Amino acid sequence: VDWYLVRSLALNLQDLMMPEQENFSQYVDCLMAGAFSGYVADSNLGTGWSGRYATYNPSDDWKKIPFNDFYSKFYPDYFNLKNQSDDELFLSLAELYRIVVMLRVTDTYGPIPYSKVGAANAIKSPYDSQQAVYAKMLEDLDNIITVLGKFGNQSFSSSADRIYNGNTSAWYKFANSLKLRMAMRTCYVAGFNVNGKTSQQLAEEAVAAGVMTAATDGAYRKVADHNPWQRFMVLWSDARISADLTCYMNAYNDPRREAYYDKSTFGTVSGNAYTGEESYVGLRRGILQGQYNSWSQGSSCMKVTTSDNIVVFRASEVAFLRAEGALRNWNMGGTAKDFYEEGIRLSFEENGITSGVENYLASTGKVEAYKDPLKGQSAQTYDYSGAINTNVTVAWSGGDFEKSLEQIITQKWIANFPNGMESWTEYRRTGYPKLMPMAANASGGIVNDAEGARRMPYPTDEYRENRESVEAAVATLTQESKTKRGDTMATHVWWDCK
């Protein structure tokens, strides 16, 4: 057995949960998920991009990357590892990475090639319904949890794991935390069960077995070369913090502002022509390419270095998932209020904030209108001011289900930055947090402004290379949906049925 190759393959599979490769990450995590989650505002002042995901008009090349590139990058190594190793622990971890990676893909598209992927050309296969994908994943995850449990306090080679350094018990907590994330995801699907286990049952089992409970249980990958966000934000200035994120965090006087990003640098960018003040202020999402104010890169920028860890799965997310389950009257091991406050405390700890959580927890600050700081400035033609329509605040009020769910999800959304893939999925599922619509909707009427993008359409090339399977997939997508809008960004995937 060639351990050197097996370690190498395991490492590449692990990476694809939250990819490091800057030219892959930029599309899937920054340009796509970052826009749709409400976290990132594209700030490229060039004419080279014909359109973007944010304005609902990406090019055919951009539409190929979040589908095809996951299959090209994941499956050759996955099939190779299965031929190179018979070790139950390494095969269970390889399957766990497959579930997390393909969870992003089914949450982007709906039906996808999964159970019938060929070793020759993985994507050139029949598509499973999203329900069949979730059912197979949840069933395989139960077996992975059993395998990780029996290894208990045994450790594997730290060189094959840049997240938990071979600590199997940390992977056990991650796997049960994923099980709770997927159980909560399917909570609106009437009669959903996996071998008789309902969403409630899967969630209760995960919590009883052992999920992440401490900030140090969180999954953070030590970069192999550099954190790609340093490129997107600092070096290239292709991305800025969204106006939505600074609207909520300013209203709550959030001390995580200093942990996440910096104050604006309009004076620098303007050559001191800027007459306003510097503050925590993001850029409007969905500004049409070619319609930016020239001082737009003066907007708040992420605080990030090349050596910063990649955020894979935060422990604070698990506490907010338990808060939601407790709100749904599931046995989560405590009240909705206790897990809500625990999620906020865990997020403060994750961001190195040692004081002021008790004052933050009592905060009743209300979200105000977004005032574009460049409005009326020299040679700054555009005004991207707008308003988030919400009364959500921090101080736990209890009572009304929807108002409590909005608190839980809004606080999960602040804590889960910069994990846009997860936050876009949670925005679609619950409707929270309330976000501003895109400044420019270039979908031609396909995408509704209040709903935003609900999915990505299948790449046009897949209709030409795999027509029968893709046409059957669009038929499956329609049959599982409760908002049938064809193979477009407007169609709701199977779990998106609130």
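When you see a residue number, it is the position in the sequence shown, counting from 1.
Stretches compared: 373 to 381, 324 to 332. Higher mean C-alpha B-factor in the entry: 373 to 381.
The stretch with the higher mean CA B factor, choosing between 461 to 469 and 45 to 53, is 461 to 469. Based on the entry's C-alpha B-factors, the most elevated value among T354, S299, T106, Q407 belongs to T354.
Between the residues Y252, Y188, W396, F156, it is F156 that shows the highest Cα B-factor in the PDB record. Sort the modelled residues of the chain by CA B factor and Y127 lands in the highest third. For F79, the recorded CA temperature factor ranks within the highest third of the chain's modelled residues. When the CA B factors of the chain's modelled residues are split into thirds, the value for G152 lands in the highest one. Placement of the Cα temperature factor of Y280 within the chain: middle third of the modelled residues, per the deposited record. When the modelled residues of the chain are ordered by C-alpha B-factor, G218 sits in the lowest third.
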